[PDB]
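K.L.:
Structure in structure tokens, see below.
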Amino acid sequence: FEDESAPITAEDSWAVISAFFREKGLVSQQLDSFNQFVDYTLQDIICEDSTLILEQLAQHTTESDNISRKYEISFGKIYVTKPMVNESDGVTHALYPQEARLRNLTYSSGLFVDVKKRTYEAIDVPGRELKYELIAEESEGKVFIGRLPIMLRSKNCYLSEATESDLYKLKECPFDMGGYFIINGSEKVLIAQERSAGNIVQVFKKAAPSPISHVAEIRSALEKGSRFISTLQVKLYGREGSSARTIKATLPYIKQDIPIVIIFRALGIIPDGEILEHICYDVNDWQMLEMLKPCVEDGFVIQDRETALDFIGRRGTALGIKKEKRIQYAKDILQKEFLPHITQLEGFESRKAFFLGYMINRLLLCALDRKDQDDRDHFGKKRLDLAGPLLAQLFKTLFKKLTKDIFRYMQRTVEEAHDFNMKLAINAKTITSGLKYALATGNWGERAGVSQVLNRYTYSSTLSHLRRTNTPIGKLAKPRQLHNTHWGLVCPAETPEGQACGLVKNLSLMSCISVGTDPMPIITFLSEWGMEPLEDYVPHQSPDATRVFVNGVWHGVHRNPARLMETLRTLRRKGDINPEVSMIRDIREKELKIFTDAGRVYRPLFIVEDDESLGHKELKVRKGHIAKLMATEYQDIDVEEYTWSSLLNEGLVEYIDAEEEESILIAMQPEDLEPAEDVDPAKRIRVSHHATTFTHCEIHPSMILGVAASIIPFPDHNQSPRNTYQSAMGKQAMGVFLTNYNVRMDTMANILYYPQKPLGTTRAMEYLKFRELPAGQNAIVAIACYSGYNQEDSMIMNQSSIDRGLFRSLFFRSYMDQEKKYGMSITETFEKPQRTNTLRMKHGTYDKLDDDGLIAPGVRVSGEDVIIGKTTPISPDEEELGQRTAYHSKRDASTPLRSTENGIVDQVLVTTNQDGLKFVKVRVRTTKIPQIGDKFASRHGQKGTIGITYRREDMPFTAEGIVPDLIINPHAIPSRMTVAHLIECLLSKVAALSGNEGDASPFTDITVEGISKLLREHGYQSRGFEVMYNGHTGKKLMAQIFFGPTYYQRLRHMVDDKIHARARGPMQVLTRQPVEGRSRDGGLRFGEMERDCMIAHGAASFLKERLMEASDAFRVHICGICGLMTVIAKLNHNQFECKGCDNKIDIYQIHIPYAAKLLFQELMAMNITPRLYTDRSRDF
Amino acid sequence: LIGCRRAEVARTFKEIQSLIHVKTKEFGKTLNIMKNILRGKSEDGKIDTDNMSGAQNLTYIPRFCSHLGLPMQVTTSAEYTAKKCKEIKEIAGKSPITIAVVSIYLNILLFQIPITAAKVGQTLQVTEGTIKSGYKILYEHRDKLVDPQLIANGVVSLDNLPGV
Amino acid sequence: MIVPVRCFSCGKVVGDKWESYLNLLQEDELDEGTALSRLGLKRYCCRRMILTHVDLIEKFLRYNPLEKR
Amino acid sequence: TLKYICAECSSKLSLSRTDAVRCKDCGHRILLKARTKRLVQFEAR
Amino acid sequence: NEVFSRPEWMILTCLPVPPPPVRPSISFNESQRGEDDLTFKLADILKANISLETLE
Amino acid sequence: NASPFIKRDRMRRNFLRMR
Ligand SMILES: [Zn+2]
Ligand SMILES: [Zn+2]
Ligand SMILES: [Zn+2]
């Protein structure tokens, strides 16, 4: 601006937000995780079990056969191709997403690995170790190992290098964001899975009815090398009213809880004083030592390393160890399976002992009421698994299976004397199917709901679905609640209203998920700067040292934590340590935790430093920076590039996660909180908090909301539940989900005729493209009690406005059909069947089909019309209802249009599937015009259906002649307290009168009084009231009507897709009761609650008729001797018989529901005899 | 082999032999027996069409061209050349694989793609000498082995084909 | 997708003013409020018709035609 | 025979029940059935 | 009960086979045939029964 | 007491002009 060092304002923060979204986008987490997995994780997985060795020993049978062979298969580098598809005839070509969607193909690339096949041989002289030598056979080629589905708009996809024009050529929408997969032609989004972080000690309290009072648990996890989890639990047995409370730890593969002292001695610390020194780090904390004395007393009889190890070993579940391999067995368990996340190599007992003491110390601190039990809902202890890690574990499992198959083939080839064919040893189908099956379904194996069909109802729906997270609900916590740690990380308003309330979360706009990096460089850096190793740490000679943790591993201690943290922070800010790395300094606890693992959710914040030039703390970002941010923003529409990364590398913004958020002070705004320190009565009361130690500042408070809540105008003037309702409902509004809807064949699609952009908009909406792809219209809304047809959440719509096109939409439905081949003999074809050669032809009309069995686009269709004609051949010697003559050789397998739907055929495409069979897609157009059953909503939870429609001359009018497009009841306002609805109408009224876009972002300086002054400047009543006239008589209404524009949305629920009645119709095969489903002419359920109500009414005969004549009614014949339905009745011959009873004259007929007959027969199958009798044997 | 042929995506004997280790003699005798069995149960208990015939060379060309990475235009020209190649008695008796490979090679040099016969025969596992030997026979009838439209437009001229 | 022919509320013809509206915005450097009044749109029902319209047909025209003559 | 249109090169083809579903010009495997040439009536409401 | 329930009858020696109405055979395309889960288990009982008969 | 309008159409022109 003027000075490149002047402080910025709250308006300049939106330039920073704009830069953030220019660099990242809205689906950054999906693309970033996949790119990391494909780039780095795939190579790592194959470099874990790359070597497979098959040793053929001497097999001493004769001295002419004394050589021992060793065959080795090793995997080298892995290569990935571009997406491709192989046809039935064996031709492979590049596949683009548009063709994959239309042809039901999977968008995937191929994986290749370099394989080295070595063979050594050695002379097996008896009773000697061998010297294997390479026998001059080292073959070294690329081997196909399967196909990897490719996420769209990723590094390996064809659309990452495409410009806007290129996307248009490829029939792709520029507004499309990617982040999903195409499996069998279906768009699938991977929902992030929420889990609890590993390698963190957590201390919990147990209820009264349990011998254990406290338990410190750590789910040890190693991110690289084996992926298996082993849990260690340290339990404090006994209650507070006991005379002896000891501590016992659970080790893997030991079957029993060992006293902690025994474990310490097994690690090499025999002196009791040293053990206590490892647990308690203060020599005068006698209260903690007093609680430790019982432990050292329990394990007194063991006083050396070997006896302790044998004590551990005999508890182990191996029973192959005899008595002498049993000490080593315990030693190996303590080395490779005890606390694996520190290390698994020989010679690190000191680290294990110190960490075990650390866990015990935390357990005792909580047991002594010095610490509170760890909060399970703390969002900083949670991890979100994205597509990257999810595909990583799936691939790890599948590659293990592939390698196992490879060796089994090697062994089988060596024994059964066959030739080795590398084409059969490696089955590429293993990788291809496992990834396809897991992505087609949600079943992550060989967890559910991990993959869902991406919503494409509207643009906002797609964006929200691509940023959802899930939490699988025995647990002791309240995970459904909105925790404090959720601030600025997940939207506080967007959650389902059903059983998923609080379990399905949505990321905030500026939220991000880390991909994780290598912790080794940081550990090496710490070692060079004075992080004294943990092998020489004497707690009693340094009772001020800070413990240094890296990914939950206690690596050492530091004498000057302050300088180390300063050096670490400066390195991260200038760009030597990855910004995703989280650094926390718990000054009181004397701990320094560094986190580098993947799955931590973080968000950016401004950095606040002293800058003594002004004498008070201020943001590092100045107006000079903001000037160049916007200069680069507008030069695109050439100064040096200056992006979000430049802010990050210059130390002006900082990524912060929930755990690091515990040690910082944040200012809501730089306007008032940063400056050292009449008022407008209309402005809200803002609390200063008068703190002079701020370390960071919010970019803007509005970014705490998600995609769905960022469309709400003035969400801070609404009751919170209304914001939640709108977040859910905004995903059901018709709009323009994509600009290429005329080249896509979706199952269903709704397109608004004339989408408008809201008069009252939000600044966050600038990045959601709601102005380019809006979902709704600006209707002139009056809040009045006009005719009583808007009572109880209904509305009156203007028929004249409907006639002109208000809220009118297109509806598209696609029908799919294939030419199946039932083996080698029976095959189908698309045909126009004739009534003389085809059986079971539908009662509809085939007049619109062509010779290929398809209706040409542009033809109008209606109910029962056949749009895809198909026939299949039949087997002879099967006659149904007569009507089956030698002329008939085909049967109808046609596809009719939906019974209730009609329209015009819009598009017909014919192509071939992966297997080369012909299949077609037919799309039908129809226009939906608002009627008296359609649902409409505003952006404030106010939804309703049209009660009635009126023409313009019947509606209430103003002196200017303006009539409402929509009338809602005043009674909808008070109880719901949706004040934002009324503020939006006032703002939109001013916006239309002045020709501007109203600013409705939540936390701003805009007040109702300011809008009122603007409205009065335009010659209108300041509060939005107008004098209206009755349309029937023309007289003034005694009251004045709140009247102005409001953004309404047409929802997905239309009555014409719900109305359905049934007199009689098809029945189910099993129970012979009305079928389920409106689409199948089904009936309605007269359930148990309805039965109870009719019992309360005393309508016995009506209850019987509903259950008998309106549903299954069946007549059976029962025997008078045995009450079984075993009577063979020849009703034509008037003969009855119950063989077994040898009677023909004691038969009765009863009327029971067919389900009752089914029930009794099922009981008969279970050897139960329900005998129905027509007379009583006992008195009441 | 029968299953592939019934599906109109027939393969060759060598291609199937790449996976299932069976030498030619047993393969042929078994195939003849099974075809008789299927025919026997087709009459007493359809089975075959124009596809069942062994040669059916036109089906091999699209995959063979794909292995070489040629554009679709060359593949269509190769199909036309192979289709018309059966009118010459000096080549008609050759194996369908060679008939398809030589036709593909003729078009490879017609459009001037830089792929030598040393790799065409190495990719399709066909002796290079056989490829060049057959190419000589498919040089005295070039006017009948090139699509009239392609030469008419100007995409390909017959002087780009070397003559011995 | 394309400009509505009539105002929804009162039915005044507004589909013959889109190009005039755009030309006023571009070449005359007028604010949208002044342009709306210069076009004769006085009632705010008509102003929001032209002020909130999104021209999607321009996006649809970027795709090559399905069937060329 | 009936007339179809390629989905990428917009070439008008004529296929029979025996012909393979593919563009003879560019080789695409998706074809669009041509619009019917009989007039269709629409109400202007 | 002497007449309706004896402890000897809690052991199954002869199995009643429910009629098809209890275990109907559906069709998805009517060129494919499916059987009820009860039919699958009843077939298992028969195969296990005949296996035991032949063995002993 | 504030400007309740998102001014985008010509504020880009103002900044582009200022430079
Ligand atoms: Zn009886
Ligand atoms: Zn109007
Ligand atoms: Zn084409």
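FYI, nothing fancy with the structure tokens labels: chains A, B, ... in order, residues from 1 per chain, ligands from 1 as they appear.
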Using only C-alpha atoms and a distance of at most 8 Å, pull out the residues of chain D that contact chain C, as a list in words.
P.N.:
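Written out as asked, the residues are residues 5, 7 and 10 of chain D.
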K.L.:
Write to file, as an mmCIF file, in the first residue's frame, the residues of the selection just made, with N, CA and C atoms.
P.N.:
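Written file, selection_32.cif:
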data_model
loop_
_atom_site.group_PDB
_atom_site.id
_atom_site.type_symbol
_atom_site.label_atom_id
_atom_site.label_comp_id
_atom_site.auth_asym_id
_atom_site.auth_seq_id
_atom_site.Cartn_x
_atom_site.Cartn_y
_atom_site.Cartn_z
ATOM 1 N N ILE D 5 -23.367 -42.350 -34.720
ATOM 2 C CA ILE D 5 -22.392 -41.265 -34.738
ATOM 3 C C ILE D 5 -21.291 -41.595 -33.743
ATOM 4 N N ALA D 7 -18.537 -40.920 -30.947
ATOM 5 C CA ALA D 7 -18.576 -40.039 -29.789
ATOM 6 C C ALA D 7 -17.337 -39.163 -29.655
ATOM 7 N N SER D 10 -17.151 -37.607 -34.318
ATOM 8 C CA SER D 10 -18.416 -37.143 -34.884
ATOM 9 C C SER D 10 -18.603 -37.614 -36.323
#
K.L.:
Residues up to 8 Å from ligand 2, counting only C-alpha atoms and all ligand atoms: could you list those as a PyMOL selection string?
P.N.:
(chain A and resi 962) or (chain C and resi 6-12+41+43-47+49)
K.L.:
Quick check: residues of chain A within 8 Å of chain F, only C-alpha atoms, returned as a PyMOL selection string.
P.N.:
chain A and resi 631+634+761+763+987+991+996-1000+1005-1007+1009-1011
K.L.:
Find the residues near stretch 34-48 of chain E: any atom within 9 Å, counting only C-alpha atoms, skip ones fewer than 5 places away on the same chain, and give them as an NGL selection string.
P.N.:
:E and (17-18 or 20 or 22-28 or 53)
K.L.:
Okay, now the selection with N, CA, C and O atoms, as a PDB file, in the first residue's frame?
P.N.:
ATOM      1  N   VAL E  17     -39.102 -83.394   6.111  1.00  0.00           N
ATOM      2  CA  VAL E  17     -38.590 -82.553   5.032  1.00  0.00           C
ATOM      3  C   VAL E  17     -39.682 -81.553   4.658  1.00  0.00           C
ATOM      4  O   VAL E  17     -40.732 -81.971   4.148  1.00  0.00           O
ATOM      5  N   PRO E  18     -39.487 -80.252   4.885  1.00  0.00           N
ATOM      6  CA  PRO E  18     -40.555 -79.300   4.595  1.00  0.00           C
ATOM      7  C   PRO E  18     -40.839 -79.235   3.106  1.00  0.00           C
ATOM      8  O   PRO E  18     -39.940 -79.461   2.278  1.00  0.00           O
ATOM      9  N   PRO E  20     -41.799 -77.641  -0.718  1.00  0.00           N
ATOM     10  CA  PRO E  20     -41.143 -76.540  -1.440  1.00  0.00           C
ATOM     11  C   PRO E  20     -41.699 -75.179  -1.055  1.00  0.00           C
ATOM     12  O   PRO E  20     -40.933 -74.207  -0.968  1.00  0.00           O
ATOM     13  N   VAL E  22     -42.183 -73.899   1.654  1.00  0.00           N
ATOM     14  CA  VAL E  22     -41.330 -73.342   2.698  1.00  0.00           C
ATOM     15  C   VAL E  22     -39.971 -72.919   2.158  1.00  0.00           C
ATOM     16  O   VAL E  22     -39.330 -72.036   2.741  1.00  0.00           O
ATOM     17  N   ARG E  23     -39.514 -73.524   1.065  1.00  0.00           N
ATOM     18  CA  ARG E  23     -38.187 -73.264   0.507  1.00  0.00           C
ATOM     19  C   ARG E  23     -38.309 -73.084  -0.998  1.00  0.00           C
ATOM     20  O   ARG E  23     -37.879 -73.938  -1.782  1.00  0.00           O
ATOM     21  N   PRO E  24     -38.898 -71.977  -1.442  1.00  0.00           N
ATOM     22  CA  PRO E  24     -39.111 -71.769  -2.876  1.00  0.00           C
ATOM     23  C   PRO E  24     -37.833 -71.446  -3.634  1.00  0.00           C
ATOM     24  O   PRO E  24     -36.857 -70.928  -3.088  1.00  0.00           O
ATOM     25  N   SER E  25     -37.859 -71.766  -4.927  1.00  0.00           N
ATOM     26  CA  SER E  25     -36.722 -71.569  -5.823  1.00  0.00           C
ATOM     27  C   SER E  25     -36.997 -70.342  -6.686  1.00  0.00           C
ATOM     28  O   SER E  25     -37.874 -70.364  -7.554  1.00  0.00           O
ATOM     29  N   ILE E  26     -36.239 -69.274  -6.448  1.00  0.00           N
ATOM     30  CA  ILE E  26     -36.425 -68.009  -7.151  1.00  0.00           C
ATOM     31  C   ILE E  26     -35.686 -68.023  -8.483  1.00  0.00           C
ATOM     32  O   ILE E  26     -34.866 -68.910  -8.747  1.00  0.00           O
ATOM     33  N   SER E  27     -35.980 -67.038  -9.331  1.00  0.00           N
ATOM     34  CA  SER E  27     -35.242 -66.792 -10.562  1.00  0.00           C
ATOM     35  C   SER E  27     -34.953 -65.302 -10.666  1.00  0.00           C
ATOM     36  O   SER E  27     -35.839 -64.479 -10.412  1.00  0.00           O
ATOM     37  N   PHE E  28     -33.720 -64.956 -11.056  1.00  0.00           N
ATOM     38  CA  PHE E  28     -33.342 -63.548 -11.169  1.00  0.00           C
ATOM     39  C   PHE E  28     -33.575 -63.043 -12.588  1.00  0.00           C
ATOM     40  O   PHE E  28     -34.141 -61.962 -12.784  1.00  0.00           O
ATOM     41  N   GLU E  53     -24.015 -93.915   6.096  1.00  0.00           N
ATOM     42  CA  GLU E  53     -24.540 -95.240   5.780  1.00  0.00           C
ATOM     43  C   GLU E  53     -23.486 -96.098   5.093  1.00  0.00           C
ATOM     44  O   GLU E  53     -23.241 -97.241   5.492  1.00  0.00           O
TER      45      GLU E  53
END
K.L.:
For residue A:106, find every residue with an atom within 7 Å (counting only C-alpha atoms), except residues of its own chain fewer than 4 positions away, and show them as an MDAnalysis selection string.
P.N.:
chainID A and resid 100 182:185
K.L.:
Residues near stretch 400-408 of chain A, anyone? I mean within 8 Å using only C-alpha atoms, not counting same-chain ones fewer than 2 positions away, as number ranges by chain.
P.N.:
A: 49, 52, 54, 396-398, 410-412, 425-427, 430-431
K.L.:
Could you write out that same residue set with N, CA, C and O atoms as a JSON list (two decimals), in the first residue's frame?
P.N.:
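Generated output (result25.json):
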[["chain", "number", "residue", "atom", "x", "y", "z"],
["A", 49, "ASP", "N", 9.75, -57.63, 1.88],
["A", 49, "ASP", "CA", 9.86, -59.07, 1.70],
["A", 49, "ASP", "C", 10.22, -59.39, 0.25],
["A", 49, "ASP", "O", 9.66, -60.29, -0.37],
["A", 52, "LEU", "N", 12.98, -64.08, -1.66],
["A", 52, "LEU", "CA", 12.40, -65.40, -1.39],
["A", 52, "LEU", "C", 13.46, -66.44, -1.71],
["A", 52, "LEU", "O", 13.91, -66.53, -2.86],
["A", 54, "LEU", "N", 14.67, -70.46, -1.60],
["A", 54, "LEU", "CA", 14.31, -71.87, -1.52],
["A", 54, "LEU", "C", 15.59, -72.69, -1.51],
["A", 54, "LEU", "O", 16.34, -72.69, -2.50],
["A", 396, "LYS", "N", -0.10, -53.84, 1.07],
["A", 396, "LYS", "CA", 0.80, -54.64, 1.88],
["A", 396, "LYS", "C", 0.26, -56.05, 2.09],
["A", 396, "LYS", "O", 0.99, -57.04, 1.97],
["A", 397, "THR", "N", -1.04, -56.16, 2.39],
["A", 397, "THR", "CA", -1.65, -57.47, 2.58],
["A", 397, "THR", "C", -1.63, -58.27, 1.28],
["A", 397, "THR", "O", -1.31, -59.46, 1.27],
["A", 398, "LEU", "N", -1.99, -57.62, 0.17],
["A", 398, "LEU", "CA", -2.06, -58.34, -1.10],
["A", 398, "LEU", "C", -0.68, -58.75, -1.60],
["A", 398, "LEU", "O", -0.53, -59.84, -2.16],
["A", 410, "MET", "N", 7.28, -72.07, -6.41],
["A", 410, "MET", "CA", 8.68, -72.48, -6.45],
["A", 410, "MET", "C", 8.86, -73.85, -5.82],
["A", 410, "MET", "O", 9.53, -74.72, -6.38],
["A", 411, "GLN", "N", 8.26, -74.06, -4.64],
["A", 411, "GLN", "CA", 8.37, -75.35, -3.97],
["A", 411, "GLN", "C", 7.72, -76.45, -4.81],
["A", 411, "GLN", "O", 8.28, -77.53, -4.98],
["A", 412, "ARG", "N", 6.53, -76.17, -5.34],
["A", 412, "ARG", "CA", 5.84, -77.17, -6.15],
["A", 412, "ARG", "C", 6.63, -77.52, -7.40],
["A", 412, "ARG", "O", 6.70, -78.69, -7.78],
["A", 425, "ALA", "N", 4.01, -68.08, -11.89],
["A", 425, "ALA", "CA", 4.42, -67.92, -10.50],
["A", 425, "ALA", "C", 3.83, -66.66, -9.88],
["A", 425, "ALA", "O", 3.50, -66.66, -8.69],
["A", 426, "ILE", "N", 3.68, -65.60, -10.66],
["A", 426, "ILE", "CA", 3.13, -64.33, -10.19],
["A", 426, "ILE", "C", 1.76, -64.17, -10.84],
["A", 426, "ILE", "O", 1.65, -64.08, -12.06],
["A", 427, "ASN", "N", 0.72, -64.13, -10.01],
["A", 427, "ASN", "CA", -0.64, -63.93, -10.48],
["A", 427, "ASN", "C", -1.00, -62.46, -10.30],
["A", 427, "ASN", "O", -1.25, -62.00, -9.18],
["A", 430, "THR", "N", -4.23, -61.21, -8.38],
["A", 430, "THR", "CA", -4.31, -61.02, -6.94],
["A", 430, "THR", "C", -4.35, -59.54, -6.58],
["A", 430, "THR", "O", -5.22, -59.10, -5.82],
["A", 431, "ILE", "N", -3.41, -58.76, -7.11],
["A", 431, "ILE", "CA", -3.38, -57.33, -6.83],
["A", 431, "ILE", "C", -4.59, -56.64, -7.44],
["A", 431, "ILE", "O", -5.22, -55.78, -6.82]]
K.L.:
If the cut-off is 6 Å, can you tell me the residues of chain A near chain D, counting only C-alpha atoms? I'd like them as an NGL selection string.
P.N.:
:A and (856-858 or 908-911)
